[PDB]
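In structure tokens, the next block holds one chain alone, the form solved without the ligand.
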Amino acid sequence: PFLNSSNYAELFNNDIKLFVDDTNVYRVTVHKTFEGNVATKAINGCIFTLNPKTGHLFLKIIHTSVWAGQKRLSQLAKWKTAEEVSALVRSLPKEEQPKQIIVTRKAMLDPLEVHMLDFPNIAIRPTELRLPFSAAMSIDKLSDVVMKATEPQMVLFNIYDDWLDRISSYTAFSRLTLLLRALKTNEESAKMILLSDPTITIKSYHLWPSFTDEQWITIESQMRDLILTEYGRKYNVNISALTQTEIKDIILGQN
């Protein structure tokens, strides 16, 4: 069955699950060539693999060298993604392997299915939620680590920093999706919100600023305002009349 806003709560039980997003695997940049002309040039990408309960993020960096001399790159990127995900699962002991892998794009369903045939007990699931994981490259530390890569490599992070010491996984997932949705809606303004009080810093081993509990409330309130203001302007609707569930649907990307 599909993961949707009606059953996503299962992402927080004890059955190990991993989200896999390939949106940032194949990337290009536009620059001016030595002749004064303009062209696209491949740049490093990444496979976003996240455990929503523990916050563990397996960031597989895709180096431009993999595109080198290859054809049908859109196909190669999808199979390359399934290749790396299964290699990761294969390296993990049975007790740490996921019961299910949820793909953010249905196009990844088949390639991954083929590659996971070595693990009969691992279910591959599609989702109706158009999650904001692509915004991952808007998180400076992740973008930089990806950018500096001079060769293939995997880097691990806890996308929830140390939040689980004080809030539940369900609450942490809500905070993360809200942040990523805002980054995706208006990156400039979202980063502005996050960086408006330099006294609140980002630990070397974290991705987000060390906001206190009271500050997170104000931050989440502003991030939500940013998103809903945009929504209201576009659809010409009264934001203050939206139900909590409708707001949640916008954040998670349901429909």
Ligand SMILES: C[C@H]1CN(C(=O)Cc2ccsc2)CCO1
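Only residues modelled in both forms are compared. The first residue of the shown sequence is 1; numbering continues from there. By rigid core we mean the largest C-alpha set that fits within 1.5 Å across both forms.
Practice prompt. Return whichever of 5-13 and 231-239 has the greater mean Cα B factor according to the PDB record.
Written response: According to the PDB entry, the answer is 231-239.
Fill in: Greater mean Cα temperature factor according to the PDB record, 167-175 or 145-153
Result: 145-153.
Worksheet item: Which listed residue, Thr199, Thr49, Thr54, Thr29, has the largest C-alpha temperature factor in the record?
Response: In this record, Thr199 carries the highest C-alpha B-factor of the candidates.
Worksheet item: In terms of the CA temperature factor given in the entry, to which third of its chain does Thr64 belong: lowest, middle or highest?
Response: It falls in the middle third of the chain.
Worksheet entry | Record-listed C-alpha B factor of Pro209: chain third | Middle third.
Discussion item. Test of reading the entry: by CA B factor among the chain's modelled residues, which third contains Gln75?
Written reply: Answer is highest: the recorded C-alpha B-factor places it there.
Fill in: Chain third (lowest, middle, highest) by recorded CA B-factor, residue given as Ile43
Within its chain, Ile43 is a lowest-third residue by C-alpha B-factor, going by the deposited values.
Worksheet item: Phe58: which third of its chain by C-alpha temperature factor?
Response: Lowest third of the chain for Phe58's C-alpha B-factor.
There is another form of this protein, the form deposited with the ligand bound, and it is not shown here; the text below is about that form.
Discussion item. So the ligand isn't in this model. With the ligand brought over in the entry with it bound through superposition of the site C-alphas, is the pocket blocked (at least 3 atoms within 2.4 Å of backbone or C-beta) or open?
Written reply: Answer blocked: 3 or more ligand atoms come within 2.4 Å of backbone or C-beta.
Discussion item. Although the partner isn't part of this model, could you tell me whether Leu129 comes within 4.5 Å of the ligand in the entry with it bound, counting any heavy atom of the residue?
Written reply: The answer is yes: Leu129 has a heavy atom within 4.5 Å of the ligand.
Discussion item. Please determine whether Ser174 contacts the ligand in the entry with it bound, using a 4.5 Å cut-off between heavy atoms.
Written reply: Close contact exists here: in the entry with it bound, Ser174 approaches the ligand to within 4.5 Å, heavy atoms only.
Practice prompt. With heavy atoms only and a cut-off of 4.5 Å, decide whether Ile124 touches the ligand in the entry with it bound.
Written response: Judged by the heavy-atom cut-off of 4.5 Å, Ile124 is well away from the ligand in the entry with it bound.
Worksheet item: in the entry with it bound, does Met108 have a heavy atom within 4.5 Å of the ligand?
Response: It does not: once the ligand is placed as it appears in the entry with it bound, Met108 has no heavy atom within 4.5 Å of it.
Worksheet item: Who in 224-255 is close to the ligand in the entry with it bound, meaning a heavy atom within 4.5 Å?
Response: Read in sequence order, the residues that approach the ligand (within 4.5 Å, in the entry with it bound) are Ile251, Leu252, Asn255.
Practice prompt. Determine whether the C-alpha of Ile217 shifts by 2 Å or more between this form and the one not shown once the rigid core is superposed.
Written response: It does not reach a 2 Å shift.
Worksheet item: If you line up the core, does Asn13 shift 2 angstroms or more at its C-alpha between this form and the one not shown?
Response: For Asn13, whose C-alpha is compared between this form and the one not shown after core superposition, the shift is less than 2 Å.
Discussion item. Once both forms sit on the same rigid core, is the C-alpha displacement of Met192 at or above 2 Å between this form and the one not shown?
Written reply: No, its C-alpha moves less than 2 Å.
Worksheet entry | Closer or farther: C-alpha pair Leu73/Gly36 in the entry with it bound, relative to this form, given a change of 3 Å or more | Relative to the displayed form, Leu73 and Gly36 draw closer in the entry with it bound - a change of at least 3 Å between their C-alphas.
Discussion item. What direction does the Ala39-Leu73 Cα distance move in the entry with it bound compared with the shown chain, closer or farther, given a change of 3 Å or more?
Written reply: Note: Cα gap between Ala39 and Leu73 shrinks in the entry with it bound.
Worksheet item: Taking the rigid core as reference, which runs of at least three consecutive residues show Cα movement of 2 Å or more between this form and the one not shown?
Response: Moving regions between this form and the one not shown: 29-40, 229-255.
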